[PDB]
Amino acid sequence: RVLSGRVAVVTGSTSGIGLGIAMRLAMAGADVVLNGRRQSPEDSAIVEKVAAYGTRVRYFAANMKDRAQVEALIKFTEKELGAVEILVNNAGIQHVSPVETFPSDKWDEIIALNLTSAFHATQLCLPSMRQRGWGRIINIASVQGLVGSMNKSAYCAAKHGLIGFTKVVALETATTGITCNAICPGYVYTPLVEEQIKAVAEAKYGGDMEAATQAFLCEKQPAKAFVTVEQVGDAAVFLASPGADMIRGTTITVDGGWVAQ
């Protein structure tokens, strides 16, 4: 297994894409630390699901908007499993609103979680990676980091900024065994997206989720199909593998053709 022995931390990995990434990393042999904002009654089941692949799996609740809790997550991983070798910055939120009425607090929260938390986690993990001469920082961006979409100003700004950050980290580590790269998914059927589909279904299609899902998807995604959490996880495993030793500062876009048009 290509990642056997490596210690990975996936932020926001209690559901959706984050859980899919953690699952795929474990299948590839990595020990994994799962993380959610607050402790959930589903945490034990999630940890056992990931542990089914025979690696060491832990859970640590931490609000990634709080730098002290980011540090606590890293220290917990170092105590339980060892030095963080793979860092996946995934935790992120969405808020759909036109620019004129976009709430200031929601803008600030999206910037804080989708961009600044990745900076804090990366800052905390890089010293050990440099000392060991190996590391992977994998930032879960979006197609919205490469193009714009209406009513997603804060999210598009934060994801564009996360891609910029990725480039700089990669350039500062380019002569080391540390790489930094971003994965840019298109639409994946998570709760983050199911809520948006609900909103459009109520507003436009009489609550019909089949019709609304197709209209939502086909607006943006030429494949007329969702990307899966399994595919995003496969991209993360690829970036963490030796074949990606010279992939630095780039985007792996998994989007059904969204950015190609």
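Start at 1 with the first residue shown and count on from there.
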Review point. In at least a third of the other compared PDB entries, does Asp31 have no coordinates?
Key: no
Point to revise | Flanks modelled, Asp208 absent in at least a third of other entries | key: yes
Exercise for review: Look up the CA B-factors in the entry and say which stretch, 90 to 98 or 167 to 175, has the higher mean.
Suggested key: 90 to 98
**Study point:** Of 12 to 20 and 240 to 248, the one with larger mean CA B-factor
**Key:** 12 to 20
Exercise for review: Return the residue from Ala235, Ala223, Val227, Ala199 that has the highest Cα B-factor in the entry.
Suggested key: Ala199
Check your understanding: Whose C-alpha has the highest temperature factor in the PDB entry: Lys79, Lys152, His160, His120?
Key -> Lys79
Point to revise | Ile74 CA temperature factor, ranked by third within the chain | key: highest
Check your understanding: Looking at the C-alpha B-factor of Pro103, is it in the lowest, middle or highest third of its chain?
Key -> middle
Review point. In terms of the CA temperature factor given in the entry, to which third of its chain does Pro191 belong: lowest, middle or highest?
Key: highest
